[PDB]
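Residue numbering for the sequence shown follows the entry's author numbering, starting at 0 and increasing by one per position. C-beta atoms are modelled at their ideal positions from N, C-alpha and C, and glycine is treated no differently. A quick write-up on the structure given underneath.
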Amino acid sequence: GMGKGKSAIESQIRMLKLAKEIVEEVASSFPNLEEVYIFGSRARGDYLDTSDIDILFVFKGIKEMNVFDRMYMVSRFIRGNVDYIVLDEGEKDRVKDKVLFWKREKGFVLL
(Lines of atoms letter the chains of each structure in order from A and count residues from 1; the text may use other names and numbers.)
(Lines give C-alpha, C1' and ligand atoms only; values in the text may rest on other atoms or scores of the structure.)
Protein backbone atom coordinates (compact mmCIF):
# COMPACT_ATOMS: atom_id res chain seq x y z
CA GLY A 1 0.00 0.00 0.00
CA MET A 2 0.90 3.70 0.46
CA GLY A 3 4.70 3.53 0.55
CA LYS A 4 4.90 7.37 0.53
CA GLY A 5 3.42 9.28 3.44
CA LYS A 6 1.50 12.51 3.43
CA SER A 7 4.53 14.80 3.77
CA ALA A 8 6.42 13.13 0.89
CA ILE A 9 3.34 13.22 -1.41
CA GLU A 10 2.59 16.91 -0.60
CA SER A 11 6.26 17.76 -1.37
CA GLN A 12 6.03 15.90 -4.71
CA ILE A 13 2.93 17.94 -5.67
CA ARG A 14 4.53 21.21 -4.55
CA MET A 15 7.85 20.46 -6.34
CA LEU A 16 6.18 19.46 -9.60
CA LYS A 17 4.13 22.68 -9.50
CA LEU A 18 7.33 24.75 -8.97
CA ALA A 19 9.02 22.88 -11.90
CA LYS A 20 5.92 23.69 -14.03
CA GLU A 21 6.23 27.43 -13.25
CA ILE A 22 9.95 27.41 -14.10
CA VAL A 23 9.33 25.46 -17.37
CA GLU A 24 6.51 27.86 -18.39
CA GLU A 25 8.92 30.75 -18.14
CA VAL A 26 11.84 28.99 -19.91
CA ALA A 27 9.56 27.60 -22.68
CA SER A 28 8.15 31.14 -23.33
CA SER A 29 11.71 32.52 -23.50
CA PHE A 30 13.40 30.01 -25.83
CA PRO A 31 11.64 28.77 -28.98
CA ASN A 32 14.37 26.04 -29.15
CA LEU A 33 13.44 24.49 -25.74
CA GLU A 34 12.09 21.12 -26.90
CA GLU A 35 11.72 18.82 -23.89
CA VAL A 36 12.02 18.93 -20.15
CA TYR A 37 12.55 15.92 -17.92
CA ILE A 38 12.48 15.37 -14.18
CA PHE A 39 15.51 13.28 -13.13
CA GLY A 40 16.92 12.20 -9.81
CA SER A 41 15.05 10.87 -6.78
CA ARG A 42 11.72 12.56 -7.60
CA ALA A 43 11.72 10.72 -10.95
CA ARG A 44 12.94 7.38 -9.53
CA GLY A 45 10.81 7.27 -6.39
CA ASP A 46 13.58 7.21 -3.71
CA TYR A 47 12.88 10.78 -2.55
CA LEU A 48 12.26 12.27 0.84
CA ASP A 49 9.90 15.14 1.62
CA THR A 50 13.04 17.39 1.81
CA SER A 51 14.51 16.27 -1.54
CA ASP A 52 15.20 18.80 -4.23
CA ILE A 53 13.68 18.42 -7.69
CA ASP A 54 16.12 17.92 -10.60
CA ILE A 55 15.18 19.42 -13.95
CA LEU A 56 16.76 18.52 -17.30
CA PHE A 57 16.19 21.20 -19.96
CA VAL A 58 16.65 19.86 -23.53
CA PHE A 59 17.18 22.45 -26.30
CA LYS A 60 17.57 22.17 -30.05
CA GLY A 61 20.73 23.56 -31.67
CA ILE A 62 23.02 24.12 -28.63
CA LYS A 63 25.63 21.38 -29.32
CA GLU A 64 28.38 24.01 -29.60
CA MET A 65 27.28 26.05 -26.56
CA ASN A 66 29.76 25.68 -23.74
CA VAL A 67 28.60 24.66 -20.26
CA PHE A 68 28.85 28.29 -18.92
CA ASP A 69 26.65 29.64 -21.73
CA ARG A 70 24.23 26.74 -21.15
CA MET A 71 23.95 27.51 -17.42
CA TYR A 72 23.44 31.25 -18.16
CA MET A 73 20.44 30.34 -20.42
CA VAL A 74 18.31 29.17 -17.48
CA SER A 75 20.10 30.46 -14.34
CA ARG A 76 17.82 33.40 -13.70
CA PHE A 77 14.67 31.27 -13.84
CA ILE A 78 15.87 28.85 -11.16
CA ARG A 79 14.51 29.26 -7.61
CA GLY A 80 13.51 27.05 -4.70
CA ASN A 81 15.00 23.66 -3.87
CA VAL A 82 15.85 22.93 -7.52
CA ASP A 83 18.92 21.72 -9.43
CA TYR A 84 19.27 21.38 -13.15
CA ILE A 85 21.13 20.27 -16.25
CA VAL A 86 20.99 21.85 -19.74
CA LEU A 87 21.58 19.49 -22.73
CA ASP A 88 21.23 19.49 -26.47
CA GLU A 89 18.67 17.16 -28.13
CA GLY A 90 21.50 14.84 -29.20
CA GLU A 91 22.84 14.47 -25.64
CA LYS A 92 19.68 13.69 -23.64
CA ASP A 93 20.55 9.94 -23.31
CA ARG A 94 23.35 11.01 -20.88
CA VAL A 95 20.72 11.27 -18.11
CA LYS A 96 19.20 7.87 -17.46
CA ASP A 97 16.26 7.31 -15.20
CA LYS A 98 14.16 10.32 -16.14
CA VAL A 99 10.50 11.24 -16.60
CA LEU A 100 9.16 13.33 -19.51
CA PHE A 101 7.66 16.44 -17.96
CA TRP A 102 7.06 18.68 -20.95
CA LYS A 103 7.54 18.62 -24.70
CA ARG A 104 6.87 21.47 -27.11
CA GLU A 105 4.43 19.29 -29.19
CA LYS A 106 2.73 17.89 -26.02
CA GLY A 107 2.66 20.73 -23.47
CA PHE A 108 2.93 19.33 -19.92
CA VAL A 109 2.60 15.56 -19.39
CA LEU A 110 -0.16 14.69 -16.83
CA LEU A 111 -0.55 18.43 -15.82
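Simplified DSSP state of residue i, which is helix, strand or coil
i      : result
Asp45  : coil
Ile61  : coil
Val94  : coil
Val66  : helix
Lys105 : coil
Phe100 : strand
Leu110 : coil
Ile54  : strand
Rounded C-alpha distance that separates residue i from residue j
i     : j      : result
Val73 : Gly4   : 32 Å
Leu47 : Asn80  : 13 Å
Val57 : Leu110 : 19 Å
Where residue i falls, given that 16 or more other Cβ within 10 Å makes a residue buried
i    : result
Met1 : exposed
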